[PDB]
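Q: Before I ask anything, let me first share the structure, which is written out below as structure tokens.
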Amino acid sequence: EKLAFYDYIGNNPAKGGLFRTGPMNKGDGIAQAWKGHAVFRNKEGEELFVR
Amino acid sequence: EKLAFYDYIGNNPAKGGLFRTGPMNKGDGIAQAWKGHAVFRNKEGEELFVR
Amino acid sequence: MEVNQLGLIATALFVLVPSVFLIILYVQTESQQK
Amino acid sequence: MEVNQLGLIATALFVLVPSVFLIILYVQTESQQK
Amino acid sequence: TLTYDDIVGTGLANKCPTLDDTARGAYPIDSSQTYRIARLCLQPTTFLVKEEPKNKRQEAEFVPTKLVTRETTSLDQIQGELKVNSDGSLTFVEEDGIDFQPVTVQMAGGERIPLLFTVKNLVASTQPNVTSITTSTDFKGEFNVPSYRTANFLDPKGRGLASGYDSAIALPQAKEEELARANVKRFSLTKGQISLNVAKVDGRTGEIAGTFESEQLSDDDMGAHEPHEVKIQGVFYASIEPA
Amino acid sequence: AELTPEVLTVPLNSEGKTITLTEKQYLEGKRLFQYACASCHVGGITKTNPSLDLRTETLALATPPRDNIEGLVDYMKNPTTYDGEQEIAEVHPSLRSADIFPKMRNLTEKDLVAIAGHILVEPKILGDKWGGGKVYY
Amino acid sequence: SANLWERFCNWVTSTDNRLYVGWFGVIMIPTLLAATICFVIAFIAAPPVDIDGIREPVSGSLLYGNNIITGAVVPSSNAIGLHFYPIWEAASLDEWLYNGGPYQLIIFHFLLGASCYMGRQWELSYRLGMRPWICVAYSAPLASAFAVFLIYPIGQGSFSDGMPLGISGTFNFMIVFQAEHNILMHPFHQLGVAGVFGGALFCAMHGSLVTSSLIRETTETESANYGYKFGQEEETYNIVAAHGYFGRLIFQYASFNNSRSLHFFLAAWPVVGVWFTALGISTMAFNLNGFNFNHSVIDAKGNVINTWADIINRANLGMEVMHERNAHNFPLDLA
Amino acid sequence: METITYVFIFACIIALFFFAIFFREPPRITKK
Amino acid sequence: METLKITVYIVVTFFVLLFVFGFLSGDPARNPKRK
Amino acid sequence: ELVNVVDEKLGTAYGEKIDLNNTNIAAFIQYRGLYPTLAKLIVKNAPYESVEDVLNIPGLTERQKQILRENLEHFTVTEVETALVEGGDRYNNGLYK
Amino acid sequence: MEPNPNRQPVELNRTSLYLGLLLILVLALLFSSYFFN
Amino acid sequence: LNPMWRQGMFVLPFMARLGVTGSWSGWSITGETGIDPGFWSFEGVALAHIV
Amino acid sequence: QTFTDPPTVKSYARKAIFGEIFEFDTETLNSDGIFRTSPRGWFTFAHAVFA
Ligand code: CLA
Ligand code: CLA
Ligand SMILES: CCCCCCCCCCCCCCCC(=O)OC[C@H](COC1O[C@H](CS(=O)(=O)O)[C@@H](O)[C@H](O)[C@H]1O)OC(=O)CCCCCCCCCCCCCCC
Ligand SMILES: CCCCCCCCCCCCO[C@@H]1O[C@H](CO)[C@@H](O[C@H]2O[C@H](CO)[C@@H](O)[C@H](O)[C@H]2O)[C@H](O)[C@H]1O
Ligand SMILES: CCCCCCCCCCCCO[C@@H]1O[C@H](CO)[C@@H](O[C@H]2O[C@H](CO)[C@@H](O)[C@H](O)[C@H]2O)[C@H](O)[C@H]1O
Ligand SMILES: CCNc1nc(NC(C)(C)C)nc(SC)n1
Ligand SMILES: [Ca+2]
Ligand SMILES: [Cl-]
């Protein structure tokens, strides 16, 4: 889980604002668990990827 | 309705506190409607009264 | 906890304002020649 | 509305504190003899 | 032999008796002669509290905890019949005794975890065919874990189950659905698991000794919140006699 | 509003017959009741066992009936449990045990009758107060 | 060096110190710093205390949900009673904070130091050539802290019954006390309020009489206070004009003209009254309570005719019947 | 937020204490 | 923990000695006149 | 739904008659000759499936059985409620005068 | 103690008070929006 | 998933970078238990500076 | 309407105590359910003090 967590833009220091005060938690919230890896596919079975 | 409303201890100025600030509405809430007169009775049909 | 929102500012100005008063005087007294 | 709770006190002390500063000086200057 | 004064204040009173390194024998069972336990005794050594894996179910383990109350943990004076069974096994059946003690332990966070460490209504059993009680002759069974606080207990605001207030009388016109759980007191009753595994026998006097491990739930506080899982390790001492 | 002889007329035995006490006996009982009872029966209750009181009705359902002079008197001589199925003179003051409860040594049949009369007269005056406890103080 | 120790003793005892650290001070200064430092931390961060020994923790610190008015430092456990509970008596601090250890560390050091504080109020007076006895005035308020923090607990069998260290915690001590002892109906408490009421009264009398009979030496627009210089020879008010007015308010012989007799009375009254109040709490610490006039006046038939004394008993029962909800298992409250 | 406010004022009173004891106006005799 | 006890004890002894050996040091002497 | 088992029990037989499986021992003091001896036996002798099962307590002298028969109309029986039986609350539920 | 000889008096004229306040107030009019955010 | 840097901790990290990783209350930055930080726990450091 | 399940009956009985039973909107003002006094009350307190 720890490893997956670093791969979330919500921990990227480059996101945010000057008057968006407080901990990172007042934002997206206190992380509880990893929902899991999401694989998208289309009717043909082809695997798609989210930009 | 108006008449029934005056017969509610929540409009009695003698209830309250020195640091219980604000309108009467921050207390019991904004009055919406009169639920109606409540008559209590016991198995024998006798009508009881709430002190 | 479940406190009053204005409690903080009520306490802050309750302390600041009159303290600032006294202080303005004391310093202007203190600096009077002689 | 859905504003910041500390906004009020942040703005209050932001105005009061330095204003109280200047004022303390001006009055102590103003009352210096001769 | 130590009189009362010879123990008072030493903490010695909260310690189940011990057998010496010698006593590693075996006690005989007549199977045609009723037997009873004149004195079962359980002394806690550790209290582990399984931690809630947060939302991320990752499998949780038991963790040590500090004993915030004091040396008041031991169960003593337990007693009942140790009936011999057809298959030659033994099952202990408790009748009465200081069979429970309210314990409170703290955790990493600082959280106090109160539990009613007990073995009420124990029903321990052994292996089939057990002519004589040798070292490590496992006893296993369940017991009942009654609510931590009993029916009459009142919360800081007067509300109670068998007695006390009906609601949050301090908030006369507040919505009640939200307060439901804390106004309506529930009395929890659950089962527990324990295993007394011998280590020292002494057929001579018929007094075995050993160590135990039991698991049970902690206080749910009249059902206001979920109970924590607890594991308890310690030592025990039993006095078997024909009677 | 007074203690008339009408109020001092309490049941003597089980067969309805009554006796009438006099303002002297009353006071005297009241004094004796304090001397050897109040200690534990102050105000009609029972400190070392709050489940059994001196309310006349309680004494009525006792066994044997202890709600009359004859009854209470027997009791003060040979005490029993509420079902009467057991003598308790050993842990309850009584005549047959004055060696153990000295306060009961002086006590003579005249005294026992007064104490008994007091118990039946009090609730007549005080009412609910006599039986109940602090709730009624 | 005239001799280190010889010197040390000259410093300690020196009357040239900004604050007179005396001989008594050598015990005071440390005990008082411990009491104070432990308190402040407790009051702010200590966790819940099982005051009644029934595993029902009462949190009384700011960080655990309290505010200045409610917050307090909770008394040691009842499981502990009168036993000594120094930190080195606990498997851990966690255990020590749960059984109310901080309470003892505080009351003992405070009471210790506050006594030496008295011992000091003597010493300095000696090193300065002034008459003693001031320290004897301070014996009253001290004798109270003692009564409320130690005598009462010794008497009652537990430190858990000592007065808590907090605002509301004190009201608790009072309300319950009243229920178990009916103090308002005790001679000693009454003498206490006479002394306190009286004190405040007299404090106002003197204060006004004097301030009102001050010799004019100030401008119409100048603080009337400046009319006094530190280190004056003669008096700053007309004690003869003061007496002149006050003697006419009531009547001459019922008025002071001797400043010394005035000031003795001024000190004697409150101190004597509080001494009795302190002896009240120290006396009701052995269950010799206030007058019990319950069901005294009864009528011609035997009916009970209530007096205000009875209306007081009901209010007391309410307190009795509700305090310590879960701590009692039996009929009589003998503890 | 409340805790901070309570401790702050307390901390301010103790500061006052200090200055009052150690930074008073030296009390001068006769001449004034 | 058994240590702290020791330390505390030492510490209290110091001061208590400083106290007795103090008034012992001819305290009556210390004062304005007659000594 | 969360309900106060005790306040609910008061809407059944318990609450109208002496519950042989729940009601506290002192309740037996309101009928002639049941208290000391019998009440102990009744309570001590676990739960009952029906009021009559009381008549079956081992040892009951012929007279006791007589008395019991007389007062059966004042008894009932309902599921054993833990909140009311735990803690030995049937021998002392913390109520006095 | 000797009257420390390194001290001078401090001054703030009326105009400075005004220029000062004008700055404090307007900064406050500029940042309050972001404080309340 | 909820480490100091998600909780707007600013000083707490500089104390771990050099050793102080425990609390007198029992917990620790790495997530271990039963550890004895001794006197130099975050509380300790904080205590020290104040003095 | 009529209600017979103890809890609901008691709920209303618990309300009858204040006189006529009403329906409040507690959300809006985020009320707490603790009585506050009317202007009549405040004006009276303020003037009795000032006086
Ligand atoms: C010096 C660097 C520094 C840094 C990097 C941080 C960083 C942080 N602090 Mg800390 N803090 C500091 C100093 C610092 N602090 C000091 C000195 C104090 C004492 C007051 C605090 C008290 C403090 C508290 C009480 C809390 C934090 C918290 C936090 C986190 C807050 C997130 C946030 O809302 O930022 C907001 C950043 C800003 C609002 C900056 C904007 C400044 C603008 C508005 C004004 C500039 C002034 C003026 C108008 C300029 C005009 C000039 C004129 C000439 C024109 C963050 C990691 C919070 C936390 O831990 O949450 C979990 C928390 O609760 N800090
Ligand atoms: C003179 C009488 C007066 C009266 C009777 C009222 C009455 C009312 N006002 Mg108004 N108000 C007044 C003057 C008055 N106001 C003034 C001068 C202002 C300008 C600031 C306002 C601004 C105002 C606002 C902005 C609002 C009200 C609202 C309300 C209602 C508020 C309910 C409440 O929370 O009270 C609370 C009463 C108190 C907190 C009094 C306690 C005073 C104590 C704490 C301190 C005393 C000072 C000091 C510590 C003493 C020490 C002395 C020393 C020598 C020892 C109420 C009907 C509210 C409303 O309309 O809600 C719908 C609202 O939002 N009022
Ligand atoms: C286990 C214990 C560990 C202890 C460690 C510390 C050892 C001792 C002292 C030094 C530490 C710093 C002390 C600060 C002193 C000071 O301010 O006074 C400085 C003055 C100036 O004189 C003076 O100062 C002179 C020198 S000069 O001005 O420094 O040059 C000096 O020669 C003279 O003797 C002296 O009296 O000293 C005094 O008058 C004696 C003061 C005694 C201390 C008071 C304690 C009282 C406690 C009260 C409780 C409430 C407060 C709670 C607060 C938290
Ligand atoms: C039941 C147990 C009884 C135990 C008794 C134990 C007694 C132990 C020591 C007794 C010591 C007497 O000790 C002696 O006292 C005199 C004062 O009288 C001190 O003399 C001291 O006082 C003068 C002032 O009078 C100072 O200027 C001098 O610097 C100081 O030392 C000696 O320096 C000290 O050595
Ligand atoms: C200003 C005055 C300050 C006074 C401070 C006084 C402090 C007094 C005592 C501190 C005692 C700490 O005592 C110590 O606590 C830790 C838990 O935290 C215990 O437990 C610790 O050591 C054992 C090994 O012994 C480890 O397996 C365990 O994981 C560890 O937590 C120790 O067995 C105990 O010896
Ligand atoms: C000097 C003014 N006279 C005077 N007299 C009195 N007499 C009583 C009885 C009140 C003490 N008091 C004062 S004020 C302490 N003053
Ligand atoms: Ca939790
Ligand atoms: Cl309690």
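Residue names in the structure tokens use chain letters A, B, ... in the order shown, residue numbers from 1 in each chain, and ligand numbers from 1 in the order shown.
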Compute the set of protein, DNA and RNA residues whose minimum atom distance to ligand 5 is at most 10 Å, using only C-alpha atoms and all ligand atoms, and state it as a PyMOL selection string.

A: (chain E and resi 64-66) or (chain G and resi 34+37-38+86-94+96) or (chain I and resi 1-5+7-8) or (chain L and resi 23-26+32-39)

Q: How would you report the residues lying within 8 Å of ligand 1, as an MDAnalysis selection string, if you count only C-alpha atoms and all ligand atoms?

A: (chainID A and resid 18:24) or (chainID K and resid 27:28 31 34:35) or (chainID L and resid 5:10)

Q: I need the chosen residues saved as an mmCIF file, in the first residue's frame, with N, CA, C and O atoms.

A:
data_model
loop_
_atom_site.group_PDB
_atom_site.id
_atom_site.type_symbol
_atom_site.label_atom_id
_atom_site.label_comp_id
_atom_site.auth_asym_id
_atom_site.auth_seq_id
_atom_site.Cartn_x
_atom_site.Cartn_y
_atom_site.Cartn_z
ATOM 1 N N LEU A 18 -1.724 28.923 -2.381
ATOM 2 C CA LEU A 18 -1.160 29.777 -1.347
ATOM 3 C C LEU A 18 -2.086 29.955 -0.148
ATOM 4 O O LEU A 18 -1.627 30.024 0.982
ATOM 5 N N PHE A 19 -3.387 30.029 -0.378
ATOM 6 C CA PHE A 19 -4.304 30.206 0.733
ATOM 7 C C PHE A 19 -5.161 28.973 1.022
ATOM 8 O O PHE A 19 -6.198 29.047 1.695
ATOM 9 N N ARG A 20 -4.706 27.840 0.497
ATOM 10 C CA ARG A 20 -5.345 26.560 0.721
ATOM 11 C C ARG A 20 -4.580 26.028 1.920
ATOM 12 O O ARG A 20 -3.676 25.200 1.807
ATOM 13 N N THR A 21 -4.965 26.539 3.073
ATOM 14 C CA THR A 21 -4.360 26.225 4.356
ATOM 15 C C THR A 21 -4.524 24.831 4.924
ATOM 16 O O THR A 21 -5.336 24.041 4.465
ATOM 17 N N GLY A 22 -3.729 24.548 5.948
ATOM 18 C CA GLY A 22 -3.807 23.270 6.634
ATOM 19 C C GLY A 22 -3.032 22.102 6.064
ATOM 20 O O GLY A 22 -2.252 22.256 5.108
ATOM 21 N N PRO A 23 -3.239 20.911 6.646
ATOM 22 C CA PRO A 23 -2.636 19.624 6.305
ATOM 23 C C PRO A 23 -3.155 19.143 4.972
ATOM 24 O O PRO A 23 -4.104 19.703 4.438
ATOM 25 N N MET A 24 -2.551 18.101 4.425
ATOM 26 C CA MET A 24 -3.020 17.632 3.135
ATOM 27 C C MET A 24 -4.395 17.001 3.274
ATOM 28 O O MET A 24 -5.145 16.901 2.296
ATOM 29 N N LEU K 27 -3.999 47.031 3.135
ATOM 30 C CA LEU K 27 -3.470 45.672 3.014
ATOM 31 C C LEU K 27 -4.552 44.735 3.522
ATOM 32 O O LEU K 27 -4.797 43.672 2.943
ATOM 33 N N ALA K 28 -5.205 45.153 4.606
ATOM 34 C CA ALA K 28 -6.283 44.382 5.208
ATOM 35 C C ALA K 28 -7.463 44.254 4.245
ATOM 36 O O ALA K 28 -8.144 43.231 4.225
ATOM 37 N N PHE K 31 -6.057 41.595 1.725
ATOM 38 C CA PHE K 31 -5.879 40.208 2.116
ATOM 39 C C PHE K 31 -7.028 39.511 2.838
ATOM 40 O O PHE K 31 -7.060 38.289 2.905
ATOM 41 N N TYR K 34 -8.695 36.624 0.964
ATOM 42 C CA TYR K 34 -7.938 35.373 0.946
ATOM 43 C C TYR K 34 -7.859 34.699 2.320
ATOM 44 O O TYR K 34 -7.646 33.496 2.416
ATOM 45 N N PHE K 35 -8.031 35.473 3.388
ATOM 46 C CA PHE K 35 -8.018 34.908 4.735
ATOM 47 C C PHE K 35 -9.326 34.158 4.940
ATOM 48 O O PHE K 35 -9.347 33.087 5.525
ATOM 49 N N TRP L 5 3.680 13.765 7.219
ATOM 50 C CA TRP L 5 3.583 14.750 6.144
ATOM 51 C C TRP L 5 2.186 14.932 5.535
ATOM 52 O O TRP L 5 1.988 15.762 4.639
ATOM 53 N N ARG L 6 1.211 14.167 6.006
ATOM 54 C CA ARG L 6 -0.144 14.329 5.486
ATOM 55 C C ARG L 6 -0.894 15.191 6.482
ATOM 56 O O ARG L 6 -1.917 15.793 6.148
ATOM 57 N N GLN L 7 -0.348 15.262 7.695
ATOM 58 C CA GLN L 7 -0.948 16.000 8.804
ATOM 59 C C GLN L 7 -0.368 17.390 9.049
ATOM 60 O O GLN L 7 -0.410 17.913 10.154
ATOM 61 N N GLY L 8 0.165 17.996 8.008
ATOM 62 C CA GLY L 8 0.716 19.315 8.164
ATOM 63 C C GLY L 8 1.706 19.406 9.292
ATOM 64 O O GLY L 8 1.725 20.389 10.018
ATOM 65 N N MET L 9 2.530 18.378 9.458
ATOM 66 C CA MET L 9 3.565 18.396 10.490
ATOM 67 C C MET L 9 4.779 19.075 9.860
ATOM 68 O O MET L 9 5.168 18.747 8.736
ATOM 69 N N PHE L 10 5.368 20.018 10.586
ATOM 70 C CA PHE L 10 6.496 20.789 10.074
ATOM 71 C C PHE L 10 7.762 20.621 10.883
ATOM 72 O O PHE L 10 8.856 20.545 10.337
#

Q: Do you know which residues are within 6 Å of ligand 8 using only C-alpha atoms and all ligand atoms? Can you write them as a ChimeraX atom specification?

A: /G:324-327

Q: Put those residues in a file: N, CA and C atoms, as a PDB file, in the first residue's frame.

A:
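Result file is part-v6.pdb:
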ATOM      1  N   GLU G 324     -21.886  10.363  43.445  1.00  0.00           N
ATOM      2  CA  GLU G 324     -21.226   9.084  43.303  1.00  0.00           C
ATOM      3  C   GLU G 324     -22.188   7.960  42.881  1.00  0.00           C
ATOM      4  N   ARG G 325     -22.943   8.224  41.806  1.00  0.00           N
ATOM      5  CA  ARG G 325     -23.908   7.288  41.238  1.00  0.00           C
ATOM      6  C   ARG G 325     -23.594   5.825  41.479  1.00  0.00           C
ATOM      7  N   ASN G 326     -22.530   5.371  40.835  1.00  0.00           N
ATOM      8  CA  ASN G 326     -22.131   3.986  40.870  1.00  0.00           C
ATOM      9  C   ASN G 326     -21.178   3.537  41.969  1.00  0.00           C
ATOM     10  N   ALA G 327     -20.854   4.387  42.934  1.00  0.00           N
ATOM     11  CA  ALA G 327     -19.891   3.954  43.936  1.00  0.00           C
ATOM     12  C   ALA G 327     -20.422   3.191  45.121  1.00  0.00           C
TER      13      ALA G 327
END

Q: Quick one: residues within 12 Å of ligand 6, with only C-alpha atoms and all ligand atoms, as a PyMOL selection string?

A: chain G and resi 198-213+237-270

Q: With C-alpha atoms retained, write the just-selected residues as a PDB file, in the first residue's frame.

A:
ATOM      1  CA  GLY G 198     -17.466  40.907  58.490  1.00  0.00           C
ATOM      2  CA  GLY G 199     -13.952  41.161  57.088  1.00  0.00           C
ATOM      3  CA  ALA G 200     -15.168  42.435  53.729  1.00  0.00           C
ATOM      4  CA  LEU G 201     -17.507  44.696  55.692  1.00  0.00           C
ATOM      5  CA  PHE G 202     -14.830  46.160  57.936  1.00  0.00           C
ATOM      6  CA  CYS G 203     -12.377  46.181  55.043  1.00  0.00           C
ATOM      7  CA  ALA G 204     -14.852  48.570  53.401  1.00  0.00           C
ATOM      8  CA  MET G 205     -15.433  50.543  56.606  1.00  0.00           C
ATOM      9  CA  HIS G 206     -11.807  51.232  57.275  1.00  0.00           C
ATOM     10  CA  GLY G 207     -11.012  51.734  53.624  1.00  0.00           C
ATOM     11  CA  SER G 208     -13.741  54.389  53.253  1.00  0.00           C
ATOM     12  CA  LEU G 209     -13.492  56.208  56.617  1.00  0.00           C
ATOM     13  CA  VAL G 210      -9.766  56.717  56.085  1.00  0.00           C
ATOM     14  CA  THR G 211      -9.848  57.557  52.376  1.00  0.00           C
ATOM     15  CA  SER G 212     -12.690  59.985  53.066  1.00  0.00           C
ATOM     16  CA  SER G 213     -10.846  61.820  55.853  1.00  0.00           C
ATOM     17  CA  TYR G 237      -5.546  61.454  57.154  1.00  0.00           C
ATOM     18  CA  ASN G 238      -7.426  63.064  60.064  1.00  0.00           C
ATOM     19  CA  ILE G 239      -8.124  60.050  62.289  1.00  0.00           C
ATOM     20  CA  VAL G 240      -9.856  62.523  64.626  1.00  0.00           C
ATOM     21  CA  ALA G 241     -12.213  63.691  61.870  1.00  0.00           C
ATOM     22  CA  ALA G 242     -12.733  60.080  60.876  1.00  0.00           C
ATOM     23  CA  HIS G 243     -13.734  59.159  64.411  1.00  0.00           C
ATOM     24  CA  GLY G 244     -15.797  62.348  64.551  1.00  0.00           C
ATOM     25  CA  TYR G 245     -17.969  61.234  61.638  1.00  0.00           C
ATOM     26  CA  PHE G 246     -18.206  57.543  62.523  1.00  0.00           C
ATOM     27  CA  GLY G 247     -18.940  58.342  66.151  1.00  0.00           C
ATOM     28  CA  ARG G 248     -21.982  60.304  64.990  1.00  0.00           C
ATOM     29  CA  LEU G 249     -23.170  57.663  62.538  1.00  0.00           C
ATOM     30  CA  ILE G 250     -23.792  55.175  65.324  1.00  0.00           C
ATOM     31  CA  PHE G 251     -22.680  56.752  68.630  1.00  0.00           C
ATOM     32  CA  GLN G 252     -19.326  57.808  70.110  1.00  0.00           C
ATOM     33  CA  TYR G 253     -18.300  54.919  72.421  1.00  0.00           C
ATOM     34  CA  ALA G 254     -19.154  52.547  69.576  1.00  0.00           C
ATOM     35  CA  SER G 255     -16.365  54.046  67.467  1.00  0.00           C
ATOM     36  CA  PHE G 256     -12.572  53.690  67.363  1.00  0.00           C
ATOM     37  CA  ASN G 257     -10.234  56.602  68.109  1.00  0.00           C
ATOM     38  CA  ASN G 258      -7.155  54.467  68.769  1.00  0.00           C
ATOM     39  CA  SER G 259      -5.606  53.465  65.442  1.00  0.00           C
ATOM     40  CA  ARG G 260      -3.840  50.576  67.183  1.00  0.00           C
ATOM     41  CA  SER G 261      -7.051  49.130  68.657  1.00  0.00           C
ATOM     42  CA  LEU G 262      -8.731  49.704  65.310  1.00  0.00           C
ATOM     43  CA  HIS G 263      -6.100  47.736  63.419  1.00  0.00           C
ATOM     44  CA  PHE G 264      -5.977  44.929  65.983  1.00  0.00           C
ATOM     45  CA  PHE G 265      -9.733  44.444  65.589  1.00  0.00           C
ATOM     46  CA  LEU G 266      -9.285  44.685  61.826  1.00  0.00           C
ATOM     47  CA  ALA G 267      -6.902  41.735  61.930  1.00  0.00           C
ATOM     48  CA  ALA G 268      -8.411  39.811  64.833  1.00  0.00           C
ATOM     49  CA  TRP G 269     -11.910  39.483  63.374  1.00  0.00           C
ATOM     50  CA  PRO G 270     -11.327  37.676  60.053  1.00  0.00           C
TER      51      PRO G 270
END

Q: Mind listing the strand (DSSP E or B) residues of chain B, per DSSP on the backbone, as a list in words?

A: residues 8, 30, 31, 32, 33, 34, 40, 41, 47 and 48 of chain B

Q: Could the residues in this selection be saved with N, CA, C and O atoms as a PDB file, in the first residue's frame?

A:
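New file result-v4.pdb:
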ATOM      1  N   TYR B   8     -46.363  26.948  24.346  1.00  0.00           N
ATOM      2  CA  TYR B   8     -45.161  26.115  24.307  1.00  0.00           C
ATOM      3  C   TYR B   8     -44.092  26.744  25.201  1.00  0.00           C
ATOM      4  O   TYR B   8     -43.694  27.881  24.987  1.00  0.00           O
ATOM      5  N   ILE B  30     -36.084  26.166  14.075  1.00  0.00           N
ATOM      6  CA  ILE B  30     -37.122  26.939  13.413  1.00  0.00           C
ATOM      7  C   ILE B  30     -38.422  26.152  13.390  1.00  0.00           C
ATOM      8  O   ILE B  30     -38.476  25.088  12.788  1.00  0.00           O
ATOM      9  N   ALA B  31     -39.465  26.686  14.035  1.00  0.00           N
ATOM     10  CA  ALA B  31     -40.765  26.016  14.098  1.00  0.00           C
ATOM     11  C   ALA B  31     -41.352  25.888  12.701  1.00  0.00           C
ATOM     12  O   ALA B  31     -41.450  26.876  11.971  1.00  0.00           O
ATOM     13  N   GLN B  32     -41.735  24.660  12.345  1.00  0.00           N
ATOM     14  CA  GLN B  32     -42.287  24.353  11.036  1.00  0.00           C
ATOM     15  C   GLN B  32     -43.787  24.133  11.032  1.00  0.00           C
ATOM     16  O   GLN B  32     -44.486  24.631  10.155  1.00  0.00           O
ATOM     17  N   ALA B  33     -44.285  23.372  11.996  1.00  0.00           N
ATOM     18  CA  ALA B  33     -45.708  23.104  12.044  1.00  0.00           C
ATOM     19  C   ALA B  33     -46.152  22.504  13.373  1.00  0.00           C
ATOM     20  O   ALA B  33     -45.338  21.990  14.145  1.00  0.00           O
ATOM     21  N   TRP B  34     -47.453  22.584  13.632  1.00  0.00           N
ATOM     22  CA  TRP B  34     -48.026  22.050  14.856  1.00  0.00           C
ATOM     23  C   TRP B  34     -48.391  20.590  14.658  1.00  0.00           C
ATOM     24  O   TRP B  34     -49.293  20.279  13.886  1.00  0.00           O
ATOM     25  N   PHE B  40     -53.281  11.439  25.900  1.00  0.00           N
ATOM     26  CA  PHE B  40     -52.736  10.170  26.357  1.00  0.00           C
ATOM     27  C   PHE B  40     -53.822   9.407  27.080  1.00  0.00           C
ATOM     28  O   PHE B  40     -54.595   9.992  27.826  1.00  0.00           O
ATOM     29  N   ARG B  41     -53.878   8.101  26.852  1.00  0.00           N
ATOM     30  CA  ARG B  41     -54.872   7.250  27.493  1.00  0.00           C
ATOM     31  C   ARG B  41     -54.171   5.973  27.920  1.00  0.00           C
ATOM     32  O   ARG B  41     -53.107   5.646  27.386  1.00  0.00           O
ATOM     33  N   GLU B  47     -58.284   8.860  30.256  1.00  0.00           N
ATOM     34  CA  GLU B  47     -57.427   9.886  29.657  1.00  0.00           C
ATOM     35  C   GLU B  47     -56.452  10.389  30.720  1.00  0.00           C
ATOM     36  O   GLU B  47     -56.855  10.790  31.797  1.00  0.00           O
ATOM     37  N   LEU B  48     -55.167  10.358  30.415  1.00  0.00           N
ATOM     38  CA  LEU B  48     -54.165  10.820  31.356  1.00  0.00           C
ATOM     39  C   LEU B  48     -53.698  12.225  30.947  1.00  0.00           C
ATOM     40  O   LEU B  48     -53.978  12.684  29.832  1.00  0.00           O
TER      41      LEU B  48
END

Q: All residues within 10 Å of ligand 2 are required, counting only C-alpha atoms and all ligand atoms; please report them as an mmCIF file with C-alpha atoms, in the first residue's frame.

A:
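selection.cif, written as the output of this step:
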data_model
loop_
_atom_site.group_PDB
_atom_site.id
_atom_site.type_symbol
_atom_site.label_atom_id
_atom_site.label_comp_id
_atom_site.auth_asym_id
_atom_site.auth_seq_id
_atom_site.Cartn_x
_atom_site.Cartn_y
_atom_site.Cartn_z
ATOM 1 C CA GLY B 17 -29.212 31.116 29.933
ATOM 2 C CA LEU B 18 -26.814 34.030 30.123
ATOM 3 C CA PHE B 19 -24.348 32.622 27.630
ATOM 4 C CA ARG B 20 -26.902 30.749 25.524
ATOM 5 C CA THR B 21 -26.495 33.254 22.727
ATOM 6 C CA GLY B 22 -28.474 34.005 19.598
ATOM 7 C CA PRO B 23 -32.160 33.824 18.476
ATOM 8 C CA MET B 24 -34.595 31.365 19.966
ATOM 9 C CA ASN B 25 -34.047 29.282 16.821
ATOM 10 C CA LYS B 26 -30.506 28.225 17.614
ATOM 11 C CA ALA C 10 -14.539 37.736 21.660
ATOM 12 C CA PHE C 14 -11.615 41.514 25.139
ATOM 13 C CA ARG M 36 -32.722 30.463 24.615
ATOM 14 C CA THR M 37 -34.645 33.572 25.753
ATOM 15 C CA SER M 38 -36.728 36.029 23.707
ATOM 16 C CA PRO M 39 -35.974 39.693 23.010
ATOM 17 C CA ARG M 40 -38.485 40.451 25.739
ATOM 18 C CA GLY M 41 -36.106 38.633 28.046
ATOM 19 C CA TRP M 42 -32.843 40.247 26.943
ATOM 20 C CA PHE M 43 -34.129 43.825 26.916
ATOM 21 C CA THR M 44 -35.357 43.191 30.442
ATOM 22 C CA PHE M 45 -32.036 41.831 31.683
ATOM 23 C CA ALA M 46 -30.016 44.603 30.079
ATOM 24 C CA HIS M 47 -32.157 47.439 31.439
ATOM 25 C CA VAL M 49 -28.680 45.933 35.093
ATOM 26 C CA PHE M 50 -27.928 49.318 33.542
#
